[PDB]
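Written out below as C-alpha cells is the structure these notes cover.
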Amino acid sequence: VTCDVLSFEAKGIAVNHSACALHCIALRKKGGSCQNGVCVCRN
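Using mature numbering (1 follows the signal peptide of the UniProt record, and there is no 0), the letters of the sequence shown map in sequence onto residues 18 to 60.
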C-alpha cells in the first residue's frame, strides 16, 4: 500500500499508489522510501 515500487499502465486511472510518498514530498520533502512496511520520508 505504501512500499509498492512496482508500476503499471494507468494513465488517468484510479490505481493503488504510495500516497504517503507524494504526501510527505508535496508537504515538506522531495524523495520517499519505505522500511519494513513503514513510511519513510527522504530528500
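Think of the CB as a built atom: it goes at the ideal place given N, C-alpha and C, for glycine as much as any other residue.
- Item | Paired residues, beta bridge with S50 - DSSP | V57
- Using a beta-carbon distance below 8 Å, is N53 in contact with chain C? No chain C is part of this structure, which consists of one protein chain only.
- Message: By the DSSP assignment, the alpha helix (DSSP H) with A31 in it spans what residues?
- Response: Unbroken run through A31: none, as it is neither H nor E.
- Task: Work out the CA separation of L23 and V57 for me, nearest whole Å.
- Result: 17 Å
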